[PDB]
Each structure stands twice: as C-alpha cells, then as structure tokens.
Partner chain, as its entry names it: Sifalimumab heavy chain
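Next comes just one chain, in structure tokens: the form deposited without the partner chain.
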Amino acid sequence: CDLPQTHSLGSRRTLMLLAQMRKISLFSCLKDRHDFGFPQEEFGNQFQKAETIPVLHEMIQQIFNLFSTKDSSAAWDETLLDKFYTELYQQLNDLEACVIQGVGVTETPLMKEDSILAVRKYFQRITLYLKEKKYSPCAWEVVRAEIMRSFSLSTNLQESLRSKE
C-alpha cells in the first residue's frame, strides 16, 4: 500500500515506550521467567509487502487492550502508558490506512489470518500468565519483555532493525 507517506518508525517508538514502562528488570524477576512463545513462524516469510499489516493491526489491537486494561494501566505508569496508547493508536492508524483502501487485503487467501491467529493465541497465553500471577509485578515484567520481543518480531518485517550504524 502507499496511503501513509510521512514516517515509518512508529514501531521503534512503541517498543521504546515498553522499555521506559519496565519498572523492574527481567533479571530481578527471573522467578516468573516464562517464554510464552511469540509466533514468528507467521512473521518470517510472505509478510513483508503490505500482507502482515492486518496482522500488525490486530496485534497492536491486542496490546492496546492488554495494556489499556485497568490491570495493566495500574501495572505501568499511566503517563508512560498514555504515550503508549497514542503510539499504539498511531501504528493502528497507519496499519488501518492500508486496510481502508483495497490495498493490504489482496488475492491472498485467509491464510493471512494464521499470523493474527498465532498472535491471538500468543496473547491468550500472556493473559493466562497474568491471571496466574494475579497481575504480579514480576509477571508483568516478563510480559513486558515478551511484548517487546513479540512486537519487535512482528515489526521486524518493516523497520524494526537496530542494524543501522
């Protein structure tokens, strides 16, 4: 697609927000260390040409609610989350722009849903981990790094690359 022609580094800012949002370190919370298992299998091939945009949209939508919940809103700074909501809606607006026009969704069969279906099962496990630790600060830290890696893995198909020096 070619609707939004301004910037393309909103994903790096979304993760930068997740970085300032961590109150504790993953090393401090190695008791709740649990890799949920981000489904990058549907984010490594056939998802770098306006084909996984609908997946990044539903992914940022799941992170938008996972973080908008009063449990995550109280788990993180409401101001750091405030900017995180504007960044989630910023990437959601760009991701939606492609979906608005015929672009984004093409002859590609429903197989594209497997990328969103994978991210939905990934976040489903993240929600269970939250209900298990009862929204523990350590569980939220593990979920913080898990959201950062899952989001960087989904945005790795666009510009989420630190290789630039």
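Positions refer to the first chain, counted from 1.
We do not show the form deposited with the partner chain bound, though everything after this point is about it.
Contact between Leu92 and the partner chain in the deposited bound form is found at the 4.5 Å heavy atom cutoff. The partner chain in the deposited bound form comes within 4.5 Å of no heavy atom belonging to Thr79. Although the partner is absent here, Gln48 sits far enough away that none of its heavy atoms falls within 4.5 Å of the partner chain in the deposited bound form.
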